[PDB]
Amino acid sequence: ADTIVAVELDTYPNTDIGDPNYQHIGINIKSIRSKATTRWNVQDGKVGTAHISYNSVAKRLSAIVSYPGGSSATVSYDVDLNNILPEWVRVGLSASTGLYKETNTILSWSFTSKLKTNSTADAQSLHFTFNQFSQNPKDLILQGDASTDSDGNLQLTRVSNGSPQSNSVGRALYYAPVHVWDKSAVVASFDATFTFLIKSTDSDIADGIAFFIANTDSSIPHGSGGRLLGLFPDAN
């Protein structure tokens, strides 16, 4: 069993597993059942942006997701990840489709991580930025149906001639582990941005996209398809 922290952009209401009866963004600690959600209106066919934030002093994980036009939803949860996440983790993006389907396309992705103690110049930091993904992205660990198309976009779930398929899971985790805690740590922070394209010719769509933090050796759990977004073995 992995340890998962996630921000979900949930495109299909699964009210049998605790979803609100609407599309939503959620903060997940160790369970598909979000600790907090906010109503979110998916603009089918438009490029969205999501910004995710945490600081071990504030101890508040927050996310905002908006579309051009200025529709934006936000969600926050007070939590001390310090004592949830292992001291080394990997960061990633995952998506799923089930019976209903959508493209789950990542157009760009940024991440910044900091570990500090007794100075400006802090014991550790990582920063990566993709404003396009290459044909063989060697710094991404691709899981399930995740791959990159020739426009330089990362399709987390299967697409056939631009057209999305049923029951697909995919994940991309950055190759290098991220040092999120130490015994001598004073502050830890991370920031993530990604842009995304949820599209379908149909109007009922599923299942969503998540940004997640996990133990370094995390892999798609068995039976994590559709509503579990490739993150959880069961409907926790």
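In this text, residue numbers run from 1 along the sequence as written.
Trainee: Averaging the C-alpha B factors as listed in the entry, name the stretch that ends up higher: 59-67 or 195-203.
Mentor: In the deposited entry, the stretch with the higher C-alpha B-factor mean is 195-203.
Trainee: For the stretches 35-43 and 170-178, which has the higher mean C-alpha B-factor as given in the deposited record?
Mentor: Comparing 35-43 with 170-178, the higher average CA B-factor belongs to 35-43.
Trainee: Could you check 148, 74, 160, 94 and tell me which one carries the biggest Cα B-factor in the deposited entry?
Mentor: Answer for 148, 74, 160, 94: 160, with the highest C-alpha B-factor.
Trainee: When the CA B-factors of 25, 228, 17, 213 are compared as recorded in the entry, which is the largest?
Mentor: Top of the list by C-alpha B-factor: 17.
Trainee: Could you place residue 183 in the lowest, middle or highest third of its chain by Cα temperature factor, using the values in the record?
Mentor: Highest third - that is where residue 183 ends up once the chain's C-alpha B-factors are sorted.
Trainee: Test of reading the entry: by CA B factor among the chain's modelled residues, which third contains residue 109?
Mentor: Residue 109: CA B-factor falls in the lowest third of its chain.
Trainee: Would you check the entry's CA temperature factor for residue 128 and let me know if it's in the chain's lowest, middle or highest third?
Mentor: For residue 128, whose C-alpha B-factor we compare with every modelled residue in the chain, the answer is the lowest third.
Trainee: If you rank every modelled residue in this chain by C-alpha B factor, which third holds residue 152: lowest, middle or highest?
Mentor: Middle third by C-alpha B-factor.
Trainee: Hey, what third does residue 144 fall into on Cα B-factor, ranked over its chain?
Mentor: Lowest third - that is where residue 144 ends up once the chain's C-alpha B-factors are sorted.
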